[PDB]
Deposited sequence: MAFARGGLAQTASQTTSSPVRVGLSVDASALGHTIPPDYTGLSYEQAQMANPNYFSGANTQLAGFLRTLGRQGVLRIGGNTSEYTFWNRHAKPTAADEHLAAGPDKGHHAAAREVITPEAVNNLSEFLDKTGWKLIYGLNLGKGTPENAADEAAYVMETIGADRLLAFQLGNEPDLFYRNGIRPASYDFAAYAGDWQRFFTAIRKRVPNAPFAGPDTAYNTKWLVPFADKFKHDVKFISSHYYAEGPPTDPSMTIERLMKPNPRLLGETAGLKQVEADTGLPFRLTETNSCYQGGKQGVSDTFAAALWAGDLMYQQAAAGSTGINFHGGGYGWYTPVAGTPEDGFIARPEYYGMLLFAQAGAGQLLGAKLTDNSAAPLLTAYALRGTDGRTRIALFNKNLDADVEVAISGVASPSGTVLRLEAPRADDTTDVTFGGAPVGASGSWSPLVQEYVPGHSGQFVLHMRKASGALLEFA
């Protein structure tokens, strides 16, 4: 029998307004070595991004940003034109790659087809300040100041020690000296260059001193989050993935404190479920759709300006998989982001769950859409409990529901939203949309999601 829970919506309990460019993706900078990938000719991938949002942000960076080198002198090679760069596993040095004027030009045409803005990684790990200034100048010339949200100087600098890029003694003081040298060089070439950083998780040895020192020099704080904790934690499981993560709550509170102290907003510029490219049987499963969609809302309710799910190639956690030659497909995590896209932007409202101790992993978020209509997003992350949700405080005459479904939490396929899979090039329309029975009652199966929209 289902667990009977109450949901009280309070249209006077205003939360944050979700911006229109909240959604986003993150890719490896190595992928720019292939000028066919982020290109105006890549209509398939452009289509998947448009489905995720009419506005959004493409972040290019990652571990490979330290191994990728701008050369204004270079043309793409034959092997460059077929390169597929999945998420870097971090075990060893990436291969050296080269980015060319042609790739940057094609990236501009890609962004023209999507409507998305760009965060672009520069090579602080192994590059020079002069070459970063030259790359920044070319990006600003080609992409333009309207679409270029920020440059990033270094990816995960707090892991440079441990990973070969700097010695074990590298600390914030050393990184600040590096950051200032790059910033100064770039701004001489590009006086309007925007920056974000420090591209780490919230922590005290790096991110708090960064914001204090560089607040007048950055547009916003860029933070990373992975659900998987330290390497010495028990192996990530779907069960663990569905539970609240105290570290996420604490890291988010820290970023909110920084915003209060410095005036700087924050964006989660690289996230996914499990690091080192993801974990087979967790990251590539329908559980990841529930995890992601819930995370999008949890961060929005905390005042995050946006998110960027890491991906590329055929990585276990990528939202979109594929290549220009073979075509692209939506993986299960995409469907959680699709629920958010279908819900749209607007202002968050109070939504309090009660009588839920037997179904403790159910989450719910209420939103007043830009168009005035109330939506509720529910993620029944309980793996063994169906629920029956008695909804009060919504005074609309009727509502409809689109279900986020798969037959098992560990399914790697068979994922649908609104009774339909996503097709080629991001094509999606709901095919099954049922009416919801100031007192609404919604049933949800275990390990499922729903988007309600009221008239």
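Q: Given the full deposited sequence, which segments carry no C-alpha coordinates?
A: Missing from the model are residues 1-17, 455-457.
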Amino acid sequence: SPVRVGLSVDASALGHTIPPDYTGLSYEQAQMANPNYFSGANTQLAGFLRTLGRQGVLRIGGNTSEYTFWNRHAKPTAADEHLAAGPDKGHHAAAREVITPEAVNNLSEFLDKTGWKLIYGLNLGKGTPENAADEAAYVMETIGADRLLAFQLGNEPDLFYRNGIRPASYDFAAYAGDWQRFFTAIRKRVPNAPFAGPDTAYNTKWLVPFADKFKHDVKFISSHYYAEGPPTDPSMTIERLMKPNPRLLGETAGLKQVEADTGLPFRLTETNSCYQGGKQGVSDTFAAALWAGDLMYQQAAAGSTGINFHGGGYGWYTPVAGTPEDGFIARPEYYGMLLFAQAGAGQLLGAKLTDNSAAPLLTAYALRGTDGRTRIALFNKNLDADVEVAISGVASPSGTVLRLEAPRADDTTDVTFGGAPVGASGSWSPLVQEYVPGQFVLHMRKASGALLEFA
From here on, numbers count along this sequence of modelled residues.
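Between two forms, the rigid core is defined as the largest C-alpha subset superposing within 1.5 Å.
Q: With the rigid core held as the alignment frame, decide whether 103-111 or 249-257 lies farther from the shown form in 8 other deposited structures of this protein, in terms of RMS C-alpha distance.
A: So, of the two stretches, the farther one in 8 other deposited structures of this protein is 249-257.
Q: Give, as the answer, the stretch of 208-216 and 130-138 that departs more from the shown form in 8 other deposited structures of this protein; the measure is RMS Cα distance after a core fit.
A: Between 208-216 and 130-138, the one lying farther away in 8 other deposited structures of this protein is 208-216.
Q: Would you say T232 is commonly dropped, meaning unmodelled in a third or more of the other compared entries that have residues on each side of it?
A: Residue status for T232: gap in at least one third of the other entries.
Q: I need to verify one thing: averaged over C-alpha atoms only, is the B-factor higher for 281-289 or for 224-232?
A: Looking at the recorded C-alpha B-factors, 224-232 comes out higher on average.
Q: Which has higher Cα B-factors on average according to the PDB entry: 5-13 or 18-26?
A: Averaged over C-alpha atoms, the B-factors run higher in 5-13.
Q: Between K126, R166, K89, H310, which carries the biggest CA temperature factor in the record?
A: That would be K89.
Q: Go through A302, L159, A176, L362 one by one and give the residue whose Cα B-factor in the PDB entry is largest.
A: If I rank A302, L159, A176, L362 by C-alpha B-factor, first place goes to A302.
Q: Should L452 be placed in the lowest, middle or highest third of its chain by the C-alpha B factor in the entry?
A: CA B-factor rank for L452: middle third.
Q: Among the modelled residues of its chain, does the C-alpha B-factor of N42 lie in the lowest, middle or highest third?
A: Lowest third, going by the recorded CA B-factors of the chain.
Q: According to the PDB entry, is the CA B factor of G393 in the bottom, middle or top third of its chain, that is, lowest, middle or highest?
A: Highest third - that is where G393 ends up once the chain's C-alpha B-factors are sorted.
Q: Classify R72 as lowest, middle or highest third according to the C-alpha B-factor given in the PDB entry, relative to its own chain.
A: As the PDB entry reports it, the C-alpha B-factor of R72 lands in the middle third of its chain.
Q: Among the chain's modelled residues, which third holds the C-alpha B-factor of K117?
A: Lowest third, going by the recorded CA B-factors of the chain.
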